[PDB]
Protein chains: 4
Amino acid sequence: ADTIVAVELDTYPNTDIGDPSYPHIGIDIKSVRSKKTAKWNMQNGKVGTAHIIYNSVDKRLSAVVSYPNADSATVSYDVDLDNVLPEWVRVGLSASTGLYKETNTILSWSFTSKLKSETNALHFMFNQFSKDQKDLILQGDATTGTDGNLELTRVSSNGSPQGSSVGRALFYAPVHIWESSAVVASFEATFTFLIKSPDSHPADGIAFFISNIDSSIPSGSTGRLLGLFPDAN
Amino acid sequence: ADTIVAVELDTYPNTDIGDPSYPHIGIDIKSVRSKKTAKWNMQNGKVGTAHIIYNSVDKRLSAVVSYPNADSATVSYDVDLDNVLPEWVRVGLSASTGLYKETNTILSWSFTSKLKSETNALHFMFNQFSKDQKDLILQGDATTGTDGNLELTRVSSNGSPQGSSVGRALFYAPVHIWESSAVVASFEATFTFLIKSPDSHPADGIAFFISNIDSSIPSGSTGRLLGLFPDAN
Amino acid sequence: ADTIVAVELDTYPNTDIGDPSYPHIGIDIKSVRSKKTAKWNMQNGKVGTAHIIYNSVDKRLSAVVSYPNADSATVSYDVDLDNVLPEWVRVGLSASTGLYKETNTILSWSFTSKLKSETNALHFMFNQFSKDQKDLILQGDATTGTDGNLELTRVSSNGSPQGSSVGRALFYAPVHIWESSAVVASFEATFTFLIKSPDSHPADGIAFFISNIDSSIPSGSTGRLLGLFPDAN
Amino acid sequence: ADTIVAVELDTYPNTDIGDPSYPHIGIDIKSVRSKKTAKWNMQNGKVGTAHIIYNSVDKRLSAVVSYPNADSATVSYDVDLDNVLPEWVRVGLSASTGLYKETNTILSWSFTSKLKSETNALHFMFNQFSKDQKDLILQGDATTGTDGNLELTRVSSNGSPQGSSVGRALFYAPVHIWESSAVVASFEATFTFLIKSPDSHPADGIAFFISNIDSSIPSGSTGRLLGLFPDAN
DNA sequence: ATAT
DNA sequence: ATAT
DNA sequence: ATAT
DNA sequence: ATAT
Ligand SMILES: *OCCCCCCNc1c(NCCOCCO[C@H]2O[C@H](CO)[C@@H](O)[C@H](O)[C@@H]2O)c(=O)c1=O
Ligand SMILES: *OCCCCCCNc1c(NCCOCCO[C@H]2O[C@H](CO)[C@@H](O)[C@H](O)[C@@H]2O)c(=O)c1=O
Ligand SMILES: O=c1c(NCCCCCCO)c(NCCOCCO[C@H]2O[C@H](CO)[C@@H](O)[C@H](O)[C@@H]2O)c1=O
Ligand SMILES: O=c1c(NCCCCCCO)c(NCCOCCO[C@H]2O[C@H](CO)[C@@H](O)[C@H](O)[C@@H]2O)c1=O
Ligand SMILES: [Ca+2]
Ligand SMILES: [Ca+2]
Ligand SMILES: [Ca+2]
Ligand SMILES: [Ca+2]
Ligand SMILES: [Mn+2]
Ligand SMILES: [Mn+2]
Ligand SMILES: [Mn+2]
Ligand SMILES: [Mn+2]
């Protein structure tokens with residue numbers, strides 16, 4: 001199977017697989033069962049911002065998820081990603097729906113990685129996604145160009161989201177996530193998202209993830225698996 | 001054939017194909033016969049710096065090449081790259097040798113591209129090249145990892161450059177070089193290089209280039225063709 | 001008197017002092033009488049974007065001004081700023097009103113300057129202005145904090161722009177704009193602005209400027225003098 | 001007195017004031033008596049790199065100090081700088097000598113601060129310091145321009161360092177270090193340094209510091225006080 | 001930019 | 001490096 | 001770039 | 001929202 005590190009914005013509690021009984025953000029290390037979660041007051045139909053940060057000095061993966069008129073949710077986990085990820089990775093966004101549904105609309109995405117050894121750097125910023133975006137690998141249901149946005153999961157022409165959908169967007173270039181020689185390795189990711197449901201239970205969520213370079217949507221990974229994992233282990 | 005725009009650091013005069021009688025820098029638009037050249041005092045065995053700049057406002061491709069404690073060489077050509085290049089490109093470095101030879105050593109390479117529509121940006125910086133550099137596509141004789149450098153052309157075990165060699169390195173991700181709705185599109189590239197010849201007459205040169213995404217070394221493009229062009233037309 | 005280089009967004013034709021008979025952008029080198037102008041369709045009450053660029057290779061000061069869903073206005077002038085400005089400068093925004101008036105609201109301002117000798121760089125970005133913004137020098141009627149915006153000219157309690165007003169904001173740190181040993185010197189500025197007039201004939205305009213470090217609003221430089229020049233010579 | 005937060009590279013143990021019995025790096029919060037220290041193998045006459053990082057999510061001030069052929073030293077302290085520093089600060093480098101001496105040579109210094117609320121940013125980079133550097137406030141013995149370096153303390157023409165010297169360099173612009181509205185505030189500082197002594201005990205060290213905007217070298221603050229503190233409390 |  |  |  |  002793939003190697004996954006992710007930050008999940010989990011809109012739907014799957015009590016049976018160890019989610020808390022509320023919408024939550026979490027840190028996923030090689031399992032959909034988050035090593036750490038925080039309660040998240042997801043605002044149906046509002047544009048939110050996710051900020052993800054890590055550096056090889058603190059070795060602490062942290063995320064903040066926020067809306068304009070509101071308190072942030074934040075979650076952190078101490079993990080040495082040198083011991084988890086391969087040296088070279090792809091970075092991506094992933095989203096899914098199951099019996100329940102939501103738009104998994106990405107309005108912007110930026111990423112920066114640095115190896116300060118003589119610094120190697122990578123930075124990309126998408127504030128507009130276009131119809132034939134050749135620096136993105138789209139997987140499953142993911143599409144670009146609709147209002148300059150990335151729709152990770154299936155949405156109708158009138159803006160109605162579909163169930164049993166899964167989709168991912170990976171940056172085309174492999175990323176040098178860690179290097180043994182590096183004295184400082186850091187990365188940060190920012191995305192803006194619009195999660196909207198007619199349902200009283202939106203599902204299932206959006207994740208920022210880092211994977212082996214050849215990562216693909218695992219078979220059946222709609223619903224609670226967020227397009228990331230082959231099972232709930 | 002491929003579409004090529006390039007800045008050549010041409011160490012060897014091929015007067016036969018319209019090079020001036022001296023080492024020169026030039027702007028190449030779909031031909032090895034430069035639309036503009038400037039005289040270049042290439043310093044055998046010294047580390048030089050090439051700076052390349054373009055924006056959609058002035059539509060002027062400019063380059064400056066320098067060594068510490070010496071006058072720069074500079075060349076500029078008015079060209080609308082929207083009318084020359086496809087919307088999506090790859091960017092790369094290329095070098096060749098023929099009957100005469102030189103190290104075509106790259107010590108660092110950086111690149112930035114920006115579309116201000118809401119700005120999309122791409123930036124990479126290599127100050128160290130590693131043995132298995134997965135964000136580079138190496139073509140022909142190009143290798144990485146030797147002293148943390150990119151050797152565009154074949155260098156022997158004893159450090160001797162070889163004749164009739166050609167090699168290129170392209171950044172793995174396609175680049176959105178122009179867009180109809182962009183109000184400002186800009187790019188810049190910087191690389192540092194070490195050209196050393198144990199004989200007199202070094203040959204043949206190093207180029208920064210922009211190509212169609214699927215660009216490959218034209219067969220036989222050693223010597224005066226700089227790994228860029230299938231012929232000297 | 002001060003040394004001024006500016007890009008004017010001139011909303012009011014002063015044909016008396018050589019303005020064209022229409023709202024225009026221009027390049028001002030030590031005179032309010034622009035060395036080059038382009039026609040500008042200023043959109044009353046809309047948020048616009050000004051982009052300004054210069055490098056020591058082309059020695060061409062260029063500006064583009066745009067609104068969403070409209071054609072840009074662009075203006076360029078060949079000028080060696082090494083021969084005009086002192087080595088160290090301050091950069092700023094300036095605006096004025098006279099018998100006629102307009103809001104001269106700035107929503108965002110960014111600036112980057114680079115001397116590649118070993119690169120020295122300065123970059124600031126304001127997307128929000130605060131009430132006590134200690135990295136800005138406010139001159140004349142300029143205020144910050146009103147809706148997180150910079151109001152270059154006086155606006156009444158009921159939001160009405162006032163006549164005979166002039167105001168400027170300079171970045172607190174002096175900027176190394178050129179250096180003899182630099183092989184490449186470059187700068188760019190971006191600002192977003194909202195010009196609104198409740199009457200017809202808005203006046204008088206907004207400028208990005210570069211000045212001697214100790215620059216101050218010339219006394220009486222309201223109206224057509226744009227807070228930049230002591231007279232119309 | 002001033003408010004100080006600093007990272008000290010402390011070359012000289014002052015056992016009487018709570019230094020450990022070896023050259024150390026430490027985190028100083030409003031006292032020369034470090035809240036946390038780590039052992040530091042200072043390499044007399046070699047160029048080192050100091051990296052300092054903080055963000056408002058982890059609220060952990062961390063530093064790494066390294067030389068090319070060697071293991072790094074790293075030190076971290078959990079501290080909410082919102083509760084320690086004023087909202088607006090200056091950032092600087094400081095160094096001192098006493099009975100014992102060392103060159104306190106700074107070869108490069110960079111700084112970035114961001115308030116992600118709509119992001120406000122500041123970035124400067126000095127790879128060359130010039131004789132009349134108007135974006136630096138030099139205090140005490142500090143001088144620029146000698147080989148493009150910043151000498152924080154007195155050095156003779158032949159490169160011999162003097163005792164009882166103290167000097168600081170502050171960036172001219174005030175820095176917005178924290179903001180109540182900000183969802184993420186981050187900063188990072190990098191400097192390259194050359195500490196060289198003929199003595200077997202070099203003294204006294206180099207600090208990166210953040211202070212009230214009007215910070216000045218306290219009276220008598222040579223030797224163990226590093227130009228930062230009025231006393232050893 | 002529209003009016004005398 | 002010198003003082004207890 | 002220097003030699004025939 | 002339905003199953004125990
Ligand atoms: O400051 C400039 C120095 C002057 C150099 C003058 C040229 N010297 C020279 C020539 N001229 C004919 C060019 O072709 C000769 C060989 O061609 C092969 O080698 C070159 C270099 O690798 C390459 O560009 C060609 O494509 C081909 O591979 C001589 O014959 C001679 O000597
Ligand atoms: O699309 C452009 C619209 C056409 C405007 C034509 C001018 N209208 C106009 C003039 N012309 C003379 C200019 O001076 C009049 C008043 O001058 C004062 O006000 C302006 C604006 O604040 C300022 O630039 C001057 O410096 C002075 O303060 C009229 O008299 C009239 O109406
Ligand atoms: O806390 C838990 C609930 N409550 C939600 C039930 C809906 C209430 C509002 C409608 O009346 C559950 N339910 C059991 C989990 O299984 C739900 C169905 O699973 C599918 O759908 C979800 C959402 O798309 C996916 O996560 C899942 O993979 C399945 O496809 C709790 O545990
Ligand atoms: O661990 C401690 C030492 N050892 C160093 C003594 C020199 C050994 C090599 C020479 O033979 C000390 N010494 C006592 C501390 O006082 C030293 C003198 O203080 C002045 O000089 C230092 C260095 O510039 C300053 O820090 C201080 O402020 C005074 O100006 C230990 O505690
Ligand atoms: Ca879930
Ligand atoms: Ca040639
Ligand atoms: Ca005017
Ligand atoms: Ca000490
Ligand atoms: Mn979960
Ligand atoms: Mn040529
Ligand atoms: Mn004008
Ligand atoms: Mn100490």
Side-chain angles (χ1 to χ4, degrees), chain A residues 11-14 19 22-23 97-100 102 163-164 197-198 202-204 223-224, chain B residues 9-16 19-24 37 40-45 73 98 100-102 195 197-198 202-205 223-224, chain C residues 9-16 19-24 37 40-45 73 98 100-102 195 197-198 202-205 223-224, chain D residues 11-14 19 22-23 97-100 102 163-164 197-198 202-204 223-224:
Chain A
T11 56
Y12 186 87
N14 304 95
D19 278 350
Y22 44 73
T97 65
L99 180 71
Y100 304 109
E102 74 196 19
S164 311
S197 199
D204 274 84
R224 58 192 196 177
Chain B
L9 287 46
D10 191 344
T11 56
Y12 187 89
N14 305 92
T15 55
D16 21 284
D19 278 349
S21 77
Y22 46 73
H24 57 282
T37 67
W40 175 41
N41 307 136
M42 192 273 131
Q43 287 187 40
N44 203 285
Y100 299 100
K101 51 197 199 281
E102 75 194 20
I195 296 171
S197 198
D204 273 86
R224 62 190 189 184
Chain C
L9 287 46
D10 191 344
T11 56
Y12 187 89
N14 305 92
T15 55
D16 21 284
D19 278 349
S21 77
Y22 46 73
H24 57 282
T37 67
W40 175 41
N41 307 136
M42 192 273 131
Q43 287 187 40
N44 203 285
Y100 299 100
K101 51 197 199 281
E102 75 194 20
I195 296 171
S197 198
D204 273 86
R224 62 190 189 184
Chain D
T11 56
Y12 186 87
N14 304 95
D19 278 350
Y22 44 73
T97 65
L99 180 71
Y100 304 109
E102 74 196 19
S164 311
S197 199
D204 274 84
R224 58 192 196 177

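Per chain, numbering begins at 1; letters A, B, ... match sequence-line order.
Pairing each heavy atom of D:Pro13 with each of D:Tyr22, the nearest pair is CG-N, 3.7 Å. The two residues D:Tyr100 and D:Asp204 make their nearest non-hydrogen contact at O-OD1, 4.0 Å.
As a whole-Å value, the separation of B:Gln43 CD from G:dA1 P is 14 Å. The CG atom of C:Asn14 sits 14 Å away from the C1' atom of E:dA1 (whole-angstrom rounding). Atom P of nucleotide E:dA1 and atom CG of C:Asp10 are separated by 12 Å, given to the nearest angstrom. Distance B:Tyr12 OH to G:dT2 P: 14 Å, rounded to the nearest Å. Distance CG (C:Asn41) to P (E:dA1): 9 Å, rounded to an integer number of Å.
When distances are taken from the side chain of A:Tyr100 to each of G:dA1, E:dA1, H:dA1, the shortest belongs to H:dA1.
Under a 3.5 Å cut-off, the side chain of B:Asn44 and the backbone N or O of B:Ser197 do form a donor-acceptor pair.
To the nearest 0.5 angstrom, A:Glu102 atom CD is 3.5 Å from A:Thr11 atom OG1.
Listed by chain and number, the residues in a side chain to side chain donor-acceptor pair (under 3.5 Å) with C:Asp19 are C:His24 (sequence neighbours excluded).
For the side chain to side chain donor-acceptor pair (under 3.5 Å) criterion with C:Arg224, the lone passing option out of C:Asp16, C:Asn14, C:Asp10 is C:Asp16.
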Bracket string, DNA chain G, 5' to 3' - pairs by Watson-Crick or G-U geometry under 3.5 Å, | interstrand: ....
